[PDB]
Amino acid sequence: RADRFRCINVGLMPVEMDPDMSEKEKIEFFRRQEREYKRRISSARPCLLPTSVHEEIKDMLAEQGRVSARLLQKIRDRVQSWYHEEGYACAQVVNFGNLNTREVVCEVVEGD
């Protein structure tokens, strides 16, 4: 499910759904979300997260070969742990996205 991992710093960053969306409108909502997440990745900056921690996350993904809420929680804990141990006290993993693709994207606000 998850062969790739990306971490992006997105400081600025939830959708109030339309009430009686048709089938075509649901499809267009999914397409809109994909396109906007592409733009969000493109305009965001790479994380300070060093290569070794990236390899640790890659190993966590390769061990299960399938993403789940518990795995995303463990990845969040690892990333936040590195950030807080490095001196970025208000660093926070705010989301994971692009879950429909082979590449899990981790969103962090670094602060400090």
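Sequential numbering from 1, following the sequence displayed.
The stretch of deposited sequence separating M13 from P14 contains 4 to 9 residues lacking coordinates in this entry. Stretches 100-108 and 16-24 differ in mean C-alpha B factor, with the higher average recorded for 16-24.
Between 64-72 and 27-35, it is 64-72 that carries the larger average Cα temperature factor according to the deposited entry. Among all modelled residues in this chain, the alpha-carbon of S81 has a temperature factor (C-alpha) in the middle third. In this PDB entry, the Cα temperature factor of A44 sits in the bottom third of its chain's modelled residues, the lowest group.
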